[PDB]
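No Cβ is skipped: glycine too gets one built from the backbone with ideal geometry, and neighbour counts run over all protein chains shown. Please treat every number below as a calculation from the coordinates, not as lab data.
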There are 2 protein chains.
Amino acid sequence: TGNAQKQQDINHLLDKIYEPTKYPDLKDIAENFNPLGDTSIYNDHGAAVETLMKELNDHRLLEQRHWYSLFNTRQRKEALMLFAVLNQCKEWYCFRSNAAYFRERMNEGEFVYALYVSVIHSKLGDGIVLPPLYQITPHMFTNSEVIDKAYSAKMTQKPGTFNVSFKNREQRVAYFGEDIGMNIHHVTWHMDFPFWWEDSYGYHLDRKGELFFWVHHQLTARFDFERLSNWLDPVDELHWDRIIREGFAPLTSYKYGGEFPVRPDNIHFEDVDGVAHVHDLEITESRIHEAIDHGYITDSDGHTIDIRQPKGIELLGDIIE
Amino acid sequence: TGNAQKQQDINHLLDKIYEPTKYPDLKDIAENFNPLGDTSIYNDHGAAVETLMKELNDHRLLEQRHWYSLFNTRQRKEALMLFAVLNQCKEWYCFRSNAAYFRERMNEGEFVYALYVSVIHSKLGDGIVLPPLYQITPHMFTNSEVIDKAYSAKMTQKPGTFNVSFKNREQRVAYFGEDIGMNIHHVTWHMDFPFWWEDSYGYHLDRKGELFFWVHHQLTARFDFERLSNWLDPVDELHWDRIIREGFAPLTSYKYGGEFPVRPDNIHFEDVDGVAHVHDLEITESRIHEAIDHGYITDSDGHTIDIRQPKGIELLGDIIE
Ligand SMILES: [Cu+2]
Ligand SMILES: [Cu+2]
């Protein structure tokens, strides 16, 4: 152990993530290790490990040098299996090993995501401070311009820092939304208290519900404030039966993936194949809005669970998010 | 009572259905029979009959030589009383009699529908085969042109058969829906397990409900295949909030009644007077959909009947059709 060790290892793992590791130790590990030959390092007698492997083997896991969204029900599951290994390691010998072994044949997004969540929640990651996403995978936090300016630097082997950019809109209250600090927090908040947490993982995040209610209420408040300061008017509430008034162009790019799709202004909400129907929301919204109005949330049995009490708002945040 | 017999009386009955019977027996039965004096032929002591009669007498039954759709709540009820008589005869003397007695004063659709149903479920119709509707009442299964060609062969008495008809649509998968066999089947399937069946009539049809779910799912299935074969793409699902994209003109005619109305394309669903509001669907659709989602259907007392079991899909079909 140590930390200036654990730490070191981490830094190495997340170094030039888009390419096979250059740190020799990480690679003989990456090669010689077998997550299945001492089912003892694992507190599960390695059921986790044996499940990743099985996938890695039938090679039914997402490819490397490809994008990844945490909203993709499969990409998530895969990402989250790495979490589950890293998670039941008794000591560092087992983490390093895996987050090396996998690091090299699992996709980067799943991987970056997996490592962070794992470091954050696993028993074994106390000493560590995680590098800032913004510098680990800069395509998600940097402009598309600066990105290309950086690819040029590199082509020519000439160094230096480029100035990023952001009178026509409400990309006047932009400084708020595009800040690398908020973006960090926004992701961290949901890494700290993930929507996918099962108390099987080890403990129980306390009031994730009210936490959820509140955190957004404040982005939402903080946001409303800035627009105040900009002669702008408080934000419109979004409806599924209306047009999406204010659309934008992000001018942002994926590393592997392409450029973030843009949305024109005054658009009509389309039924999106694979996710869900527009109407599917409308009804959800109704079911929600009826719990609130009745006084109770009704479970699967037709058991009405009361929410006209203090535990109220979290039970509500459990069903809303 | 052979069946040869049984059978013969039945082809007699349904011969030249649009004009007074020409078979002399059926006639003088038609005239001298009294469905209510010897109410010992009825296993109901002629409750059945004494109701038809009453109607027949206050003259509030639907006229002859007029159309009839099985969807008309009255038209449906009258048709269905005939059913109730034929149904409580102890032997052929009683059917012959009524389907003769009634044949001659009761509307022809009521009458053709009443005799088949009766023939199909009454305990007294075993040996018979019913003639193919397509040849009993051919306006329903034949073109409007063919029909017309046929009125001319008859005005001039020179005989002859006509070829029916069916590059501009999806009346390219026509050969499927316009087939006299399908068509047969699709009506028979609903005569075998009728939507109006009360188990007071006699026995209980067994899984009408999954039977219902399943038969349509195979029309639909079968339907979807043919389109495949025609470079056409799978069928849109219909919504009450969008346009009826594809209308058609059936170029079909009724014998008494006129030409079947046509639907222009890209139409908007109108609230239709006497049947129900568009919205009315809209909420029934919701009501249904929530039963699917809750885990339970809820009766009129407010008792939730669970459908997350094998009797499941049938309970559902009983509230769906
Ligand atoms: Cu969030
Ligand atoms: Cu049908």
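Overview of results
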item: Some residue of the stretch A:266-274 being surrounded by fewer than 14 Cβ atoms within 10 Å (Cβ to Cβ), within 14 Å of another protein chain (Cβ to nearest Cβ) and not in a loop (DSSP other than H, G, I, E, B); result: yes
item: Residue match in the stretch A:53-72 (condition: in contact with a strand residue (DSSP E or B) (Cβ under 9 Å, 6 or more places away or on another chain) and buried (at least 16 other Cβ atoms within 10 Å of the Cβ)); result: no
item: Residue in the stretch B:221-234 that is within 14 Å of another protein chain (Cβ to nearest Cβ) and either surrounded by 13 or more Cβ atoms within 10 Å (Cβ to Cβ) or not in a helix (DSSP H, G or I) (or both) present; result: yes
item: Conditions (1) in contact with a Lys or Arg (Cβ under 7 Å, 6 or more places away or on another chain); (2) within 14 Å of another protein chain (Cβ to nearest Cβ); number of the one not met by residue A:295; result: (2)
item: Within the stretch A:73-103, tally of residues that are surrounded by fewer than 18 Cβ atoms within 10 Å (Cβ to Cβ) and more than 18 Å from the chain's Cα centre (by Cα); result: 4
item: Every pair of residues 6+ apart whose Cβ atoms lie under 6 Å, when the first sits in the stretch A:206-221 and is among the charged types (D, E, K, R) while the second is buried (at least 16 other Cβ atoms within 10 Å of the Cβ) and not in a loop (DSSP other than H, G, I, E, B); result: A:207/A:314; A:210/A:313; A:210/A:314
item: Residue ID - nearest to residue A:214 (Cα to Cα), chosen from residues in the stretch A:298-318 that are within 13 Å of chain B (Cβ to nearest Cβ) and not in a strand (DSSP E or B); result: A:299
item: Count of the stretch B:21-49 residues which are in a helix (DSSP H, G or I) and surrounded by 16 or more Cβ atoms within 10 Å (Cβ to Cβ); result: 4
item: Enumeration of residues in the stretch B:253-275 that are among the small types (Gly, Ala, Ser) and at positive phi; result: B:257, B:258, B:274
item: Flag for residue B:286 being among the hydroxyl-bearing types (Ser, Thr, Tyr) and within 14 Å of chain A (Cβ to nearest Cβ); result: yes
item: Any chance residue A:222 is under 26 Å from the mean Cα position of the chain (by Cα), within 14 Å of ligand 1 (Cβ to nearest atom) and among the charged types (D, E, K, R); result: yes
item: Failed criterion for residue A:255 (all others in (1) within 13 Å of chain B (Cβ to nearest Cβ); (2) surrounded by 13 or more Cβ atoms within 10 Å (Cβ to Cβ); (3) part of a loop (DSSP other than H, G, I, E, B) hold); result: (1)
item: Condition check for residue B:18: among the hydroxyl-bearing types (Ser, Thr, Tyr), assigned to a loop (DSSP other than H, G, I, E, B) and crowded, with 18+ Cβ neighbours inside 10 Å; result: no
